[PDB]
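Chemist:
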Amino acid sequence: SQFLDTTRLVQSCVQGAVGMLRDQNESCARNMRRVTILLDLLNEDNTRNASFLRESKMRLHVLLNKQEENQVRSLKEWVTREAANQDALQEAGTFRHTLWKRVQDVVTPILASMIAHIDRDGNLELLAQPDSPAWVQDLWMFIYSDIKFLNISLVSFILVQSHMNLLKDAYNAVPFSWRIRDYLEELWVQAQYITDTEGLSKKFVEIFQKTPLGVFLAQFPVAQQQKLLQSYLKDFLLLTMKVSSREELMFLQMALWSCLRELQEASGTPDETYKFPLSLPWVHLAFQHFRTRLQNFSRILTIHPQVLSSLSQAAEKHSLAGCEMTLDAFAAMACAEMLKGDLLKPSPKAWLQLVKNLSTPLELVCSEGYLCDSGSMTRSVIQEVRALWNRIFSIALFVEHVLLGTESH
Amino acid sequence: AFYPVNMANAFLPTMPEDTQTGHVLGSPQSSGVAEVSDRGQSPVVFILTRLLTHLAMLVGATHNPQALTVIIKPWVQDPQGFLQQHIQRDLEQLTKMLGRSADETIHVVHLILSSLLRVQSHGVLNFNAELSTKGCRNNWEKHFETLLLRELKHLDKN
Amino acid sequence: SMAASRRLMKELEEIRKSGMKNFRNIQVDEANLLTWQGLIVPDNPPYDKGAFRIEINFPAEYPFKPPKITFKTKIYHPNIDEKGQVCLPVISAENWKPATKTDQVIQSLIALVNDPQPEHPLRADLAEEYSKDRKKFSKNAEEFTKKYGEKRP
Amino acid sequence: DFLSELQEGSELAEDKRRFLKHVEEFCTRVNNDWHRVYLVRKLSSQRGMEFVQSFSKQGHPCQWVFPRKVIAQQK
Amino acid sequence: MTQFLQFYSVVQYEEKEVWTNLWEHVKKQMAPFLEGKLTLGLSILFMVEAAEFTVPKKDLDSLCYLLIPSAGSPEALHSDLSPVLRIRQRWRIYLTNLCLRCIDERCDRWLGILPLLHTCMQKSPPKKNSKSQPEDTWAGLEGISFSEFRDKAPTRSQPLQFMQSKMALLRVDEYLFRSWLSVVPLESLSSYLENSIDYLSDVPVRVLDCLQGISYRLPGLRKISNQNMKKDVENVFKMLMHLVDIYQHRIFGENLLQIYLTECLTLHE
Amino acid sequence: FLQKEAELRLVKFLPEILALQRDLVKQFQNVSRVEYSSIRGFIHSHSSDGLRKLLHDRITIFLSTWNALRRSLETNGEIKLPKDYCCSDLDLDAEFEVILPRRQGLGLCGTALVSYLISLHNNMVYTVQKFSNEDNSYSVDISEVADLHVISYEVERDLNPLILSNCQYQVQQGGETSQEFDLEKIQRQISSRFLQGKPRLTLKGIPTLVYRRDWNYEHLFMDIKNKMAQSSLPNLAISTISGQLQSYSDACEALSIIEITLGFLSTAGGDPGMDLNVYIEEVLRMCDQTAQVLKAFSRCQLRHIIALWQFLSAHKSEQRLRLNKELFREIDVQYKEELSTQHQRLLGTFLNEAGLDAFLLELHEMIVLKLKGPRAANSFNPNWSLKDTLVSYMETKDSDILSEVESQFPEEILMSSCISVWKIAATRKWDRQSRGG
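Protein chains in written order, with this note's numbering: chain U, 4 to 412; chain W, -17 to 140; chain Y, 2 to 154; chain Z, 5 to 79; chain D, 106 to 374; chain F, 3 to 439.
(1) So which residues of chain W does residue 159 of chain Y contact, with C-beta pairs closer than 7 Å?
(2) For Y/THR71, which three-state DSSP category applies?
(3) Under the three-state reduction of DSSP, which class applies to W/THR115: helix, strand or coil?
(4) What three-state label does DSSP hand Y/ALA52 in the structure shown?
(5) Just the C-alpha distance for F/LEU363 and Y/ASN96, rounded to the nearest angstrom, thanks.
(6) Given that a residue counts as buried once 16 or more other Cβ atoms are within 10 Å of its Cβ, and exposed if not, what is F/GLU367?
(7) With DSSP run on the structure shown, which of helix, strand or coil describes F/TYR337?
(8) Tell me, to the nearest whole angstrom, how far the beta carbon of U/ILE210 is from that of U/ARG182; I am working on the premise that it is less than 8 Å.
(9) When the Cα atoms are used, what is the spatial distance from F/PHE266 to F/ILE226?
(10) Tell me the residue span of the alpha helix (DSSP H) that contains U/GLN140.
(11) In angstroms, rounded to a whole number, what distance separates the CA positions of F/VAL13 and U/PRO273?
(12) Just tell me which of Y/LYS137, Y/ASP126, Y/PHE72 has its CA closest to the CA of Y/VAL114.
(13) Please identify the residue among D/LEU143, D/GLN266, D/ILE149, D/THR371 whose C-alpha is closest to the C-alpha of D/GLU129.
(14) 8 Å is my cut-off, CB to CB: does W/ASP72 come that close to chain Z?
(15) Where Z/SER8 and W/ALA(-17) are concerned, what is the direct C-alpha to C-alpha distance, given to the nearest angstrom?
(16) Leaving out the 5 sequence neighbours to the left and right, which residues in its chain are closer than 6 Å to U/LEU114 when beta-carbon positions are compared?
(17) What residues from chain Y crowd round F/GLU397, counting only those whose CB sits closer than 7 Å?
(18) DSSP on F/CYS169, reduced to helix/strand/coil?
(19) Return the CA-CA distance between Y/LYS133 and W/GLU(-1), expressed in angstroms with no decimal places.
(20) Nearest by alpha-carbon distance to F/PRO209: which of F/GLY271, F/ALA114, F/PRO236 is it?
(21) With contact counted as at least three CB pairs below 8 Å, one residue from each stretch, are the region 385 to 399 of chain U and the region 31 to 51 of chain F in contact?
(22) Just the chain F side, please: which residues come within less than 7 Å of Y/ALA4 by C-beta, in chain order?
(23) With C-beta atoms as the reference, is W/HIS5 less than 8 Å away from W/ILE69?
(24) With distances taken from CA atoms, which of U/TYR174, U/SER116, U/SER397 is nearest U/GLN132?
(25) Can you name, in chain order, every residue of its own chain whose Cβ lies under 6 Å from the Cβ of Y/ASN45, other than the five neighbours on each side?
(26) Please go through the region 212 to 270 of chain D and give each complete alpha helix (DSSP H) segment of 4 or more residues, from N-terminal end onward.
(27) On a CA-only basis, which of W/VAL58, W/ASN110, W/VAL18 is nearest Y/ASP126? Give me that one, please.
(28) From the DSSP output, which residues share a beta bridge with Y/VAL87?
(29) So what does U/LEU162 bridge to, in DSSP terms?
(30) Which residue from F/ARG11, F/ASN228, F/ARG214 puts its Cα closest to that of U/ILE161?
(31) Excluding the 5 residues flanking residue 1 of chain F on each side, which residues of the same chain have their C-beta closer than 6 Å to its C-beta?
(32) Any contact of the region 10 to 24 of chain F with the region 119 to 137 of chain F, i.e. 3+ C-beta pairs under 8 Å?
(33) Give me the Cα-Cα distance between F/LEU349 and Y/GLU151, rounded to the nearest whole angstrom.
(34) Please name the residue or residues paired with Y/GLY39 in a DSSP beta bridge.
(35) Between F/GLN5, F/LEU53, F/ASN138, F/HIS123, which has its C-alpha nearest F/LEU26's C-alpha?
(36) Would the beta-carbon of Y/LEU123 fall within 8 Å of that of Y/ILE81?
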C-alpha cells in the first residue's frame, strides 16, 4: 500500500538491525560490510534489487503476520497503544515521528533476525560481487523466495552463527550451503530408510529430482551445472572437514571429484540417473560410500603437513584423479618416500614420535578392510606401500629396541 | 550391626564424595557401570569393604528394619532383600575378579573374616567409633587397607 | 579483566615496596593477575616451626566480589579445613566492602592463624580438642607442623 | 555354561537343547568318564558344590551328568 | 505389492477382464466378513489403486465396510497394527486418494476410514486458532477441499444418521471428533452437539475443539443474510450454552482456561 | 586403562550423541518456545519415519549411556549438577529438557555427560602422551569428530583375544605350570592398536544453546578500549554538544544514533582521526535524520565516543530533572530513598567544593551501568557506602580527580541512597548553569 513508505522504513531499520548482530567474536567481523551490502541492494533501480525488495517485503509480511497472532488485540492497535504511551510521545517529539519510531522499533529486531538467518556465513556477498553469472543470483532468489524450504524463526541481542568455520571473507560459492546440505542429509536418511543398499543411488537421485529445488536446478544448462557442482564440492568439503590450508583443500577437492567419478564409473550403463552426473546428490553418495578413505586422508595431512609439498608433485607426475581414489595411496607413497630418503637426520626420538603417530593410519591403509575393492593399479600401489612400510617399520622396531637403549646406557 | 538407631545419619563406608550421608545407592539390578573403586584404593579392598559393609547392614537390618529405613534413603519397602541382592552382586564381582572357583572364593571370604580375629596388634587409635566424620572414616579405611594388604600378600602359601 | 589486573598490579607493587616481614616470596604470573601465591611465615607458636604456602584466586568482578583464599600447605588449625579453604569474615560476601585492601586481608589471616578462633570452626573436632584439652591440641599442632610443614625461609 | 543358565532360568530355544542332548549322547556312548569328572569340576567351579548337590536329587532331568556309582551310593 | 506388480506387468484381452475377476473376488470374500477383516480392505485398496479402475458406489459401500475399524477400540491394538504399515507416506496418500474418490454426492461411509489415517501421523495440535495453519491440518485431512461442502445445499442429510449409529467409534482416536465436526451442515450442527454429551463427559477438553471448529467455520461463511442461518446459529449457540453449563469448571482443568478465553475472544471477533 | 575401562567402553557412543546435540542445536536455536512434554511425544512428532528411528536409536544410545554413567557424574564430573537429575532411570516418557544441552536447568545432563566423556578421553590421551610420547600437538575440534578419533573398541572382540594372547605358560623340568602376564608386550599391543594415534580434544566448538546475550554495555566498552585509543572530550566540544541539544527529543535522537554507532565501533575497527559525521553519513551511510544533531556532532571524532556517550546520558537525565519528571523509572525501589537531614547537610558541605561536571557524570554512568534494576542486588548490596564503591570503580580506569573524592568526601553516604545524591548534585549543577546564566 501507499500508507507508509516501506522502502525508507527498511533502509532506516538496516543499521539498527546490523548493530545487534555478533559473530563468534573473531570470525570475520563484517558489520560495516553488511551495512554497505544491504544499502547497495535495497533500491528500486535494478530489477534485481527491486525483486529483492518485493520478496523481502513479503518475508516481513509473513513473519510479522505470524508474529502478531500472539498479540492480545490491544497491542495490535498500535496507534492507540502509542497515543496512550506518554513517554515515547514526549521522547519522539511529534505524533507522526512517534508512530514512525514505533514501526521502526517493531521492524528492526525482525529485520535483524531475518538477516541473521539469510547471511549465515557470507551468502550476501554473492550479490555484492559484480560479474557473477545467472546461476548464482537465480538460485539465491529461488531459495529466499521459498517460505517452507527456508524457515525463519524469531526470538534480545541476537547471535548469528557460522557453520563452515571459515577463513577471511569466504562467501560460500553455492548461494546457501547449509540449507541444501541439511536438506540433502534429510533426503539421505529418508533414502537409506526407504530402499535397500543396491538401488540407493538411483532412488536418492530420483527423490532429489522430484523436489522443487531439483526441478529448478534441472533447467540450468550443462556448464552452469558443472560449475555449481565444483563449487558445491569445495564448500561441502569445507563444511564437513575442517581444513587448515588452501592447496590441501584443492587436493582434497580433486580427491572427492575422483571419488564421485569413480562411483559414477561403478555402475555400467543405466543412463537415466546418468542423464544427471553433474548433479548435487552424487557428492553425498561419494562421501557416504568413501567416508573413511577421506577422513583418514585428512588425518594423514593433519599430523604431517610437509608431505603435501610432496603431493604438490604427485598429480604433476602421475596425472591422477581421473578414474579412482588414489591420493590416499600417493600420500602414503610420499610419506614412505620421505622416510626412505633420509634415514637419520633430525633424531631417533622425534622419528619415534612421528612413526608412532603415523603407525595407526599407515597400517590401517594397508589393510583389506580399508581397500575393499578398486582397480589393479591401486592394489599395485598398495602392495608397494606394504613393502616400503615393512622396511620403514622394521627399521623403526630396530631403532626403538636397540638404538635408544644404547643411546641411554 | 547391633545399634542401627545409633547410626542415625552416619557417614557410611564406601560412599561417594565430591557429603551425602547414608546409603545413596539404587536398585542392585541396575544397568550402571561396575562401580569402579574410589579415590585411593585397590579393587580387592574396595569390593571386600563393600561386602563386609552390606553384610553388617543386613545383620543390623534383621533386628530393627525401621532403623535401616531411616538410614537407607530411597526405598520404603524392605532392607533384607535389598542387601541380599547387594551381597549377591558383590559375590558375582568377586568370582569374576578372583581366578578361583565359587567355593574357593567363599573360602577366601571366610579366610579373611577369620584372619581379622588373630590380628591382635592394636594401633588403630584416634577415630570416632560412630563413623561421624569423614576423616575418621578415611583413617579407618587406611588402617583397614593396611591390614587387608597384610593378609592378601600372604595367602598363596596358605 | 584488564581493569582488575591494573588494580591488582598496583596493590602488589605497594605491598612489595612496603613489605610486611611475615608474608614473603610472592610469585605471580604476569599474564594472569587473578591468581597469587605466597608463603605465610607465622610469628606465634605452636605454628612458628614452619611456613604455609597459600594461593589467592581473585574473581574477575573484584572488587565488587570478594577474593577466595586456599591453602596449599597442610595446617592443623580449627578454622582451616582439610582442603585448605579458610573462613575469613572480613572477606565473606555479606561483610565485604570494596575499600578493603589485600594487605589488610593478609594481616587478618595471619592474625587468625597466630591466634585461632575455636567458636566458629571448620574442624569442630580440632576446636573441641582446643577447648577441652589444650595440652593435647598444642602437642598435635607441633607434631603436625614438624611432619608436614614447609621449611622456613 | 548352558547348565548354569539352565538352573537359573527357563527353556533353551530347542537348539541348545539339541546340543545338550548331543553332549548326553556323547557321554553315554563312550566310557571315557574322566570328561564327566571334568564336567562336575567345571560345574562346581562356576557355581559351587551345592549346585551339583541340587543336581544330585532323585528325578531332576539333569542326572546324566553324573557317573553311575556316585548316585546309587549316595544317601 | 511386489508379485502383484509383476502380475499386472505380465498382463482380445480387454482391461475390464482384469477388473471383473477382482470384483468377483471382493464380492465373494465380502460375505464371510459381513457376518463373521481389515486386511481384506487394505489389500483390495492396494489392488484397485493398482488397477487405476473406477469402483462402483455400491462397491464403495463394500470396501468402506471392509475398512471401518470395528472391534479395534483399544489403542494397544492400534499400536500393534502400526509396524505392518510403518511408512507414514504411501498409506497416507492412498487413503487421501480414497477420501477424494468418495467426495462425490454419495459421501456417507468415508468418515469411518479416517481413524486409520489419523493414527499414522502427528498427535492433536493444541494451539490457538489462526496460529498453526488453516483447516486441513486441524481437521487432519490435508488433501480435501471440504469448504465447498459444509457451505452448500445440504441435500444429503444421511451423515447425521450414520454418525448417530456409531458413537463409540469416537473413543478410538482424537482427530475424529474434530473431523466429524467439520463435515456436518450448519442446520444439523446443533443436533450434532446434542448427540455428543457422553463423549464430552468422558473427556472435558473437546469443547475447546468445538470452539475452535466454530471459529474455523464462521469466517468462511460470508455476511449473514437470512432468517435461516440466524435460527441455525442460534440453535448451535444454545446447545453450546447447554454443553458449557452442564458439567463444572472441570472442563477448565489442567490450565486449559487461557486457550478457552483466547478461542472465545477469536469467536466473538 | 584397567582402572577406568568400563567408562572408556562408551566413548564409542560419543559421535552419535553429538549428532543428536548438533541436530537439536540446529533445530531448536530459540528460547521458551519448545512445547514438548515428554521424549516419546517428540519422537512421534516427526513425519519422516527414517528420521524417527534414527533419533530413536541415537536417543536410546544416549539414555543407555546416561543410565550407565549417572553415579560418577555427581562425584567426579567437573560440571556441578544437583541430585534431582541423576537419581532415577530415564526412559522415553521422561522429561524433554534433559536432552537439550543447556547450561543452567535440567539440560546439564547431556552437556555434563558429553564433557565427562571428553574429559575421560583427554585424560587417557594425556596419560599416554605424558608417559612415553612426552609431547604432541595433534588436536581436533568437536565439530568434526568422526568414529576414528575417539578411543573405540569392544571387550569380547578386541580385548579378550589380545589378553589371552599374552598369558604365557611355563613348565620347568621339576614340573610346574606358571602363567605369566608379560605386561610390556601387553603395553605394546594395547597401546599401538586402540589408544595411540588419537587426538587431544579441545573445548571450542561444543554444541551449546545460549540463554541470553550481553546487554551490560560493558563488553562493548572494553572492546572499544581494546580496538581504539579512547580520548576524553575537549572543553569546547562540551559547549558544542550542550548548546545544540536543548530540546529533549533531539537529545534522545542523538543518543540513539550514538548507541547504534558505538555498537558498530565496539566489535569492529575505527580510524582514530576521521570526524564523526563522515563516519555517520558515509561509512554506515546514514541518511538525513535532523540537521541539529549533525551541527552538534560537527566538532567530534570517534576517539571521544564513550565520554561523548556518558555526556548525553547524563544530559538526558538532567533534562528529566529540569522538566520535573520521573527520571529513572527502571531501577530498583531499594536504591530510591531519601537522605536524612544530617546526610544532606554533609552532602551540601561536599558539594560546596566539588567538580560537579565530572562527579555527577561519573555517578550517572555508574547508575545506568550498574544499578540496572531487576537482579541488581547481586554484587551491589544496598548497605555499602557510596564512597567506597565509587573510589573502587574509579580506580579501575580513570586518571581523573581522585584525591578530591578520597580525603574530603563523606565515608558514610550509605550507597542505597544513591540517586537522591545525584538529584541534589544535578539540581545544584542546574541552578548554577541556569540561575546564574
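Even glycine gets a Cβ: it sits at the ideal position worked out from N, Cα and C.
Modeler: Looking at the atomic coordinates:
(1) Lying before the first or after the last residue shown, residue 159 of chain Y is absent from chain Y, which here runs from 2 to 154.
(2) Strand at Y/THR71.
(3) Note: W/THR115 maps to coil in three-state DSSP.
(4) Residue state for Y/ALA52 is assigned as strand, using DSSP reduced to three classes.
(5) Those two C-alpha atoms are separated by around 29 Å.
(6) Classification for F/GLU367: buried.
(7) The answer is helix: DSSP assigns F/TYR337 an H, G or I state.
(8) The C-beta distance from U/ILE210 to U/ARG182 rounds to 17 Å, too long to meet the 8 Å contact threshold.
(9) F/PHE266 and F/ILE226 have their C-alpha atoms some 10 Å from each other.
(10) 137 to 146 is the span of the alpha helix (DSSP H), which, as asked, contains U/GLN140.
(11) Cα-Cα distance, rounded: 43 Å.
(12) Closest option to Y/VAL114, Cα to Cα, is Y/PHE72.
(13) Closest by alpha carbon: D/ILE149.
(14) Not closer than 8 Å to any Cβ of chain Z, the Cβ of W/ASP72 fails to qualify, so no.
(15) Rounded to whole angstroms, Z/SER8 to W/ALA(-17) spans 34 Å at the Cα level.
(16) Around U/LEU114: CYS16, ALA20.
(17) The contact set of F/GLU397 on chain Y, defined by CB atoms closer than 7 Å, consists of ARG8 in chain order.
(18) Judged by DSSP in its simplified three-state form, F/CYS169 adopts strand.
(19) Roughly 31 Å between the two C-alpha positions.
(20) Distance check between F/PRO209 and each of F/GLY271, F/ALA114, F/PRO236 places F/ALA114 closest, using alpha-carbon atoms only.
(21) Contact annotation: the region 385 to 399 of chain U does not touch the region 31 to 51 of chain F, with fewer than three C-beta pairs closer than 8 Å.
(22) Those within 7 Å of Y/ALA4 in chain F are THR398, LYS399.
(23) No.
(24) Of all alpha-carbon atoms in U/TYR174, U/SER116, U/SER397, the one lying nearest the alpha-carbon of U/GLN132 is that of U/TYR174.
(25) Closer than 6 Å at Cβ, skipping near neighbours: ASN115.
(26) Counting only runs of at least 4 residues, the region 212 to 270 of chain D fully encloses the following alpha helix (DSSP H) elements, listed from N- to C-terminal order: 219 to 222, 240 to 244, 263 to 270.
(27) Per the Cα distances, W/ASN110.
(28) DSSP, once it has assigned bridges, lists Y/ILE81 as partnering Y/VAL87.
(29) U/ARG25, per the DSSP bridge assignment.
(30) Minimum Cα distance to U/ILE161 is reached at F/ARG214.
(31) The question about residue 1 of chain F has no answer, for chain F in this structure spans 3 to 439.
(32) These segments touch.
(33) Cα atoms of F/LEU349 and Y/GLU151: separation of roughly 53 Å, rounded to the nearest angstrom.
(34) Answer is Y/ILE55.
(35) Nearest of F/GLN5, F/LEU53, F/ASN138, F/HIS123 to F/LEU26, Cα basis: F/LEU53.
(36) Yes, they are a contact pair.
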